[PDB]
Amino acid sequence: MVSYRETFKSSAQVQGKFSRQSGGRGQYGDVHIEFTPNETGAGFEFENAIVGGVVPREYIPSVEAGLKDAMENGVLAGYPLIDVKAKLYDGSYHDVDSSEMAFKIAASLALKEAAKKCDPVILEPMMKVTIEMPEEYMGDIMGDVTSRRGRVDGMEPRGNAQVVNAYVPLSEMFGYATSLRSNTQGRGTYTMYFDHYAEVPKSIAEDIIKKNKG
Amino acid sequence: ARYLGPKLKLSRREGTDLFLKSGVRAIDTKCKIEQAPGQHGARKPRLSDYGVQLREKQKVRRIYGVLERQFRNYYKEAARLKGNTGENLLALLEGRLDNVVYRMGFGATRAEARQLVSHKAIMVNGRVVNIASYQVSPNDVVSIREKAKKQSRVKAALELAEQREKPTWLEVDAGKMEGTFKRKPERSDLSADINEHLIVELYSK
Amino acid sequence: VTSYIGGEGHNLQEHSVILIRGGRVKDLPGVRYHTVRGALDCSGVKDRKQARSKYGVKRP
Amino acid sequence: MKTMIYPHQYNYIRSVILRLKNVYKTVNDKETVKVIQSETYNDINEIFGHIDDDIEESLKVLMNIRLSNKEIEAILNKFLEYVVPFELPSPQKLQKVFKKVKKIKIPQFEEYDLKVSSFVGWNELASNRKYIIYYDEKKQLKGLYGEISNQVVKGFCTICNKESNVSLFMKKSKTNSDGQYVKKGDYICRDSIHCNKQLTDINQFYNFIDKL
RNA sequence: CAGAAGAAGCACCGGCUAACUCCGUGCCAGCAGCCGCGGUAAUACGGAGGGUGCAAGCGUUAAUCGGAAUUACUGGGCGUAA
Ligand SMILES: [K+]
Ligand SMILES: [Mg+2]
Ligand SMILES: [Mg+2]
Ligand SMILES: [Mg+2]
Ligand SMILES: [Mg+2]
Ligand SMILES: [Mg+2]
Ligand SMILES: [Mg+2]
Ligand SMILES: [Mg+2]
Ligand SMILES: [Mg+2]
């Protein structure tokens with residue numbers, strides 16, 4: 001199972017407001033949170049932009065916890081949200097109504113609102129692959145990498161053997177060994193190392209969303 | 001171009017009241033004048049001759065609220081002007097409109113006077129002047145603006161001025177809130193505490 | 001010429017373009033110049049909070 | 001004297017040895033094998049810099065295609081001796097590092113773990129944080145506490161760059177008078193010891209610290 | 001007319017030279033105009049607190065004269081220091 005992740009393609013400013021009566025007690029939480037794309041590998045970044053008097057200080061940590069939990073849950077296919085920056089630019093509250101849970105729900109609502117306007121996209125893990133094989137089978141190796149949607153960055157010759165460096169999706173990478181043995185006639189070896197998370201092809205991504213949906 | 005930090009700290013460093021407060025309450029109640037500012041202020045280090053000269057020059061600057069560049073230019077003018085350089089230097093600082101307003105009692109402190117001068121509440125010879133550095137000549141009349149007369153601060157300042165000793169070279173009238181710079185202040189009129197020679201020496205250094 | 005690289009740590013490599021200023025380094029014979037930190041390829045010292053202007057460090 | 005190698009280097013040595021050996025298992029072409037033998041031999045030599053007779057003996061066993069996993073273990077154990085253990089700070093010093101956290105408690109760390117520890121990290125459940133102590137490029141001990149997610153998910157760990165059970169770790173910036181603070185974090189292995197063993201490059205951990 | 005509202009930084013604190021402690025490091029990392037400082041109680045390195053000096057600037061580098069009576073006209077020397 002390939003560990004796909006989600007990120008927001010477009011930055012958006014959204015307001016999440018929750019107002020409801022629970023157990024005979026009104027609960028009102030409002031949070032206005034800006035979600036922006038983050039640099040690859042930067043990870044989740046949260047900034048508190050509340051000067052004060054717009055959100056109760058006690059509820060602010062709860063809001064952050066809600067966002068964190070929602071990212072873990074995922075907004076599209078349920079893949080963990082990554083490379084997103086969250087900033088609580090504005091908020092509103094009622095002393096009696098406001099509660100930690102209410103604000104946490106409001107944060108979740110904000111992230112749902114963000115998901116609508118942030119253009120979230122699934123990210124697939126990309127593995128850098130170094131393959132050593134005889135030059136005779138090198139053309140076959142090139143074809144296999146192309147078939148797996150991998151791109152060969154460069155080719156390096158070491159003696160008789162030829163070294164190929166390419167970046168291939170992990171999903172595509174599975175079963176490479178068997179193919180390599182067939183292509184090289186068991187005369188080639190390869191090593192793959194994870195490099196980065198890259199956006200899934202839209203057609204594939206759509207299918208993945210459908211699969212996770214059902 | 002102005003010092004916006006704590007006033008009493010400056011007084012504590014000098015170890016003397018620099019008249020940076022109105023004087024409604026004693027400086028001692030407000031601060032520990034004896035002790036120098038900071039962690040190591042309580043200990044008294046031996047002061048070098050350079051240090052003694054510096055601290056004298058710093059005192060005068062802090063009293064009149066003049067930065068070094070402008071104070072240097074005053075010294076050069078005092079040296080250029082005929083007579084005692086040190087006495088000339090003190091006369092120039094006294095000649096400043098800022099000082100005159102405070103001495104006339106329109107302002108409680110020289111900083112208060114500065115705000116009055118700055119905010120166009122002061123007229124010299126019936127013309128509005130907003131320069132603190134403006135030099136008031138003999139026979140000039142400094143009058144508060146008619147609009148500014150209504151301000152409460154001016155009235156309170158005049159009462160505090162009554163407690164202070166009245167400058168001989170300045171004639172002032174309450175209610176009218178106008179004053180005349182009759183003559184340039186003599187060295188005798190100014191406080192003997194200030195050592196002009198140290199400042200002259202420091203600049204000769 | 002030989003130029004001393006001031007501060008703790010540097011990113012200088014061969015072929016790096018740097019700006020040098022006057023300043024001998026006693027104890028290093030023949031070093032009559034200092035490289036200006038924070039100028040051209042040379043970068044400011046990381047996590048420096050005092051004399052930042054001397055080591056090309058922006059206000060934290 | 002015996003060569004001294006960093007823990008991350010030893011992990012790389014282990015990885016290359018396993019990689020080198022796997023070639024013997026799979027690759028049927030002696031020519032291809034030979035190329036990798038030389039590459040790995042160089043890599044091991046490079047890490048050691050100087051190879052003693054004991055390393056040479058191990059290298060000879062490594063070069064042979066008849067190398068066995070039991071032999072590998074023995075070779076690794078010898079290489080482990082060359083490795084230098086992480087220096088634990090004095091308990092007083094630790095508290096000085098974590099001035100903000102009074103009466104910070106440290107669990108007992110295994111000597112082997114210390115030997116293979118590029119960094120030392122311990123998680124407190126009550127804290128809900130992971131406390132990490134490490135020596136930087138300057139070799140000053142650096143201690144940091146950041147919130148660790150209770151939820152664990154399978155994903156590539158930032159520190160080691162290996163897919164494992166990871167929990168999001170967030171480091172909070174110093175709170176201003178307003179009460180505004182910025183938290184920056186990335187998913188990392190929940191177990192520091194496991195991550196340490198996985199980690200082969202000290203720089204990767206440093207990069208994660210830079211991100212914080 | 002409205003409202004303190006919209007407006008403070010830079011260098012330095014061993015001696016020379018105005019301004020001192022703590023912590024970290026332990027001839028390392030570094031500093032440095034000069035004399036020097038750093039090998040486990042560093043006012044000298046790095047950070048912090050406090051302080052000093054200047055201030056929309058402050059430092060650094062380069063450059064000239066000064067201090068330099070150290071080319072001596074003003075205004076020096078030559079027994080042993082040239
Ligand atoms: K002569
Ligand atoms: Mg100016
Ligand atoms: Mg001193
Ligand atoms: Mg010490
Ligand atoms: Mg010069
Ligand atoms: Mg001369
Ligand atoms: Mg002579
Ligand atoms: Mg002789
Ligand atoms: Mg002779």
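Here is how names work: the chains are called A, B, and so on, in the same order as the sequence lines, proteins then strands, and each is numbered from 1.
Rounded to whole Å, the P atom of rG38(E) lies 16 Å from the corresponding atom of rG26(E). Distance noted for atom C1' between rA2(E) and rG50(E): 41 Å (whole Å). Rounded to whole Å, the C1' atom of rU21(E) lies 23 Å from the corresponding atom of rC16(E). Across the P atoms, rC65(E) and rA42(E) are found 46 Å apart, a figure rounded to whole Å. Separating the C1' atom of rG30(E) from that of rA81(E) is a span of 42 Å, rounded to the nearest Å. Comparing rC27(E) with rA7(E), their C1' atoms are spaced 49 Å from each other, to the whole Å. Using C1' as the reference atom, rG24(E) and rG53(E) are 28 Å apart when rounded to the nearest Å. Rounded to a whole angstrom, the distance from the P atom of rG14(E) to that of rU43(E) is 10 Å.
When both pairing distances are held under 3.5 Å, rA8(E) makes no Watson-Crick or G-U pair with any nucleotide shown. Look at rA41(E): it lacks any Watson-Crick or wobble partner with both distances under 3.5 angstrom. The partner of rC20(E), taking Watson-Crick or G-U wobble pairs whose two distances both stay under 3.5 Å, is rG49(E). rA69(E) is unpaired under the Watson-Crick or G-U wobble criterion, no partner having all donor-acceptor distances under 3.5 Å.
Looking at which nucleotide of RNA chain E each of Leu4(B) and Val52(B) is closest to, the 5′-most match is held by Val52(B). Taking the nucleotide of RNA chain E with the nearest heavy atom to each of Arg59(C) and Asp27(C), the more 5' of the two is matched to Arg59(C).
Under the 30°/60° scheme for interplanar angles, the aromatic rings of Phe205(D) and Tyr134(D) are found to stand perpendicular.
Minimum heavy-atom separation, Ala113(B) to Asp98(B): CB-O, 3.3 Å.
Between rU64(E) and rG79(E) there is no base pair of the Watson-Crick or G-U wobble kind with both donor-acceptor distances below 3.5 Å. Under the 3.5 Å cutoff applied to both distances, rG26(E) and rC78(E) fail to qualify as a Watson-Crick or G-U wobble pair. In this structure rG33(E) is paired with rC16(E), meeting the Watson-Crick or G-U wobble definition at both distances under 3.5 Å. Nucleotides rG14(E) and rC35(E) qualify as a pair under the Watson-Crick or G-U wobble definition, both contacts being shorter than 3.5 Å.
In this entry the distance linking CD of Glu8(C) with P of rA32(E) reads 11 Å, nearest Å.
A ring-centre distance under 6.0 Å is found for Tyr131(D) and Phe98(D). Checked against a 6.0 Å centroid threshold, the rings of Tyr10(D) and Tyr82(D) do not count as neighbours.
Adjacent nucleotides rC27(E) and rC28(E) fail the stacking criterion: their six-membered base rings are not both under 5.5 Å apart at the centres and under 30° between the planes.
Sugar conformation, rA4(E): south. The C1'-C2'-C3'-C4' torsion carries a negative sign.
Distances shown here put every side-chain N or O of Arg13(B) at or beyond 4.0 Å from the OP1 or OP2 atom of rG51(E). Residue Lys99(D) has no polar side-chain atom (N or O) positioned under 4.0 Å from OP1 or OP2 of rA48(E). One finds no side-chain N or O of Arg21(C) lying less than 4.0 angstrom from the OP1 or OP2 phosphate oxygen of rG59(E). Here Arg62(B) does not reach the OP1 or OP2 of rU52(E): none of its side-chain N or O atoms lies under 4.0 Å away. OP1 or OP2 of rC10(E) has at least one side-chain nitrogen or oxygen of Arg52(C) nearer than 4.0 Å. Proximity of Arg69(B) to the phosphate of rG53(E): no side-chain N or O atom is located under 4.0 Å from OP1 or OP2. Between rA18(E) and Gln53(B), no contact under 4.0 Å exists linking OP1 or OP2 to a side-chain N or O. Within the structure, a side-chain polar atom (N or O) of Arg61(B) is placed less than 4.0 Å from OP1 or OP2 of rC54(E). Within the structure, a side-chain polar atom (N or O) of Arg43(B) is placed less than 4.0 Å from OP1 or OP2 of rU21(E).
Comparing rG51(E), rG49(E), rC54(E) against the side chain of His40(B) picks out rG49(E) as the nearest. The side chain of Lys54(C) sits closest to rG59(E) out of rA18(E), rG59(E), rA55(E). Side chain of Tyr55(C), nearest nucleotide from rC23(E), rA55(E), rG46(E): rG46(E). Nearest nucleotide to the side chain of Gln50(C), out of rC54(E), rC10(E), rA48(E): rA48(E). With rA11(E), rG49(E), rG53(E) as the candidates, the nucleotide lying closest to the side chain of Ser53(C) is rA11(E).
Note on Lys26(C): a base of the nucleic acid sits closer than 4.0 angstrom, heavy atoms only. The residue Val36(C) sits apart from the nucleic acid: no heavy atom pair falls under 4.0 Å. Using a 4.0 Å heavy-atom criterion, one finds that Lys57(B) contacts the sugar-phosphate atoms exclusively. Across all strands shown, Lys142(D) has no heavy atoms under 4.0 Å from either base or sugar-phosphate atoms. Residue contacts shown for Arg12(B) are absent, as no nucleic acid heavy atom lies under 4.0 Å away. Backbone-only engagement by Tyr4(C) is indicated by non-hydrogen atom pairs under 4.0 Å involving sugar-phosphate atoms exclusively. When heavy atoms are screened at a 4.0 angstrom cut-off, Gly9(C) is found touching the sugar-phosphate backbone but no base atom. At a threshold of 4.0 angstrom between heavy atoms, the contacts of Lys96(D) are confined to the sugar-phosphate backbone, with no base atom among them. At a threshold of 4.0 angstrom between heavy atoms, the contacts of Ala1(B) include nucleobase atoms, whether or not backbone atoms are also involved. Within the nucleic acid shown, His119(B) comes within 4.0 Å of at least one base atom, counting heavy atoms only. The residue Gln58(B) sits close only to the backbone: its heavy atoms come under 4.0 Å of sugar-phosphate atoms, none of a base. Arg32(C) comes within 4.0 angstrom of no nucleic acid atom, judged by non-hydrogen atoms across all strands.
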Check against side chain to side chain donor-acceptor pair (under 3.5 Å), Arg13(B) and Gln58(B): CA-CA 10 Å; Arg13(B) 178 55 61 184; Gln58(B) 292 292 65; over 6 Å; no
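Going from atom CD1 of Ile202(D) over to atom CG of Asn207(D) covers 11.0 Å, rounded to the nearest 0.5 Å.
Using a distance-only test at 3.5 Å, with no hydrogens or angles considered, a donor-acceptor pair links the side chain of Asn196(D) to the main chain of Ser192(D). The closest donor-acceptor contact from the side chain of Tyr135(D) to the backbone of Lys138(D) lies at 3.5 Å or more, if one exists at all.
Annotation: cation-pi geometry satisfied between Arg110(B) and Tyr64(B) (NZ/CZ under 6.0 angstrom from ring centroid, within 45° of ring axis).
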